[PDB]
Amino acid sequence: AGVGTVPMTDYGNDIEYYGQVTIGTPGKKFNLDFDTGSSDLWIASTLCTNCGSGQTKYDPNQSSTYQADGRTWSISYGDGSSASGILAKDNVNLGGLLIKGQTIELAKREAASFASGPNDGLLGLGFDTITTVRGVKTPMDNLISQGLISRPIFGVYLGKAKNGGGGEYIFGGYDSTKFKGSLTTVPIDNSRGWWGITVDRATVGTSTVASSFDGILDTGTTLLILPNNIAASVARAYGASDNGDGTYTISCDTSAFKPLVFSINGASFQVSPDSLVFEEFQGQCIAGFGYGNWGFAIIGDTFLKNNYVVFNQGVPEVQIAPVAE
């Protein structure tokens, strides 16, 4: 792959996408979940006492470039998972781009869900205002400042398990074979350390299920999680029923449904009918949208596997376009 190109792996039914990162000298390959909703780079280490045996573990002793650090860290995600450990410094190779002396966070403890998943840790791609430890420069900060990328951007392509899965991240460039038409520039509000946008409205057919709302673009969240009222309004349009846990039961046959269309800055972005169904387990289908007790939405993979995004950290802004499929 070209410079800064990282081929992704689609886990399950578009649950998550992870790529290979080489850390240390001589270096080991790690499978990290690329997350635009967090800014801490953490990995399973040999200091970990409740880590998966299936996970690949960073071993300080085998990296001739490891530098010890006196600080500790602890994190807690929105789905309730967590991890904690110590800070350190080493080299990280992101698609042929060698980031020298990056602050990596080595896990001493991790939630079981982490221990049982396909990931060795996470790559945080949100702004540095939300790093859990103050003064830590995120990978994107180091690429820029080390001149590894000329444009302060990353192009994101998330594939669909139904079409073979895959995905691709490109640091400092993008790929037009992956999208159709022209890109639309949308300004970003990073005042909370996230990639925040304003959706002008949402429609199902001719009905306005929602008016403007704010959402964060999170590559690390599976569904489209919407405020309670918006969520309920969408559900009524599809005849989905509330499971009482942030999820909905929808009909497995989406052939009859209309796409959920989002009017963002003048253009139309959608959640195609197939995408309205997340998973089917023993004949019951769980919808691709959920609800949370938040005032903003979490624009997760359900949406991203349908639209190509160019994340610009410098302005900041994003450029979006419908996936070529």
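Numbers follow the displayed sequence, beginning with 1.
- Here the stretch with the larger average CA B-factor, out of 267-275 and 287-295, is 287-295.
- Two stretches are in play, 51-59 and 296-304, and the higher mean C-alpha B-factor belongs to 51-59.
- Looking at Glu168, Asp120, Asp128, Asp242, the one whose CA carries the top B-factor in the deposited record is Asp242.
- Comparing the listed residues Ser176, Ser76, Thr221, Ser211, the entry records the largest Cα B-factor for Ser76.
- Sort the chain's modelled residues by C-alpha temperature factor and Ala256 lands in the highest third, per the entry.
- Sorting the modelled residues of the chain by their CA temperature factor places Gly27 in the highest third.
- Sort the modelled residues of the chain by CA B factor and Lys160 lands in the middle third.
- In this PDB entry, the Cα temperature factor of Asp69 sits in the middle third of its chain's modelled residues.
- When all modelled residues of the chain are sorted by CA temperature factor, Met140 is found within the lowest third.
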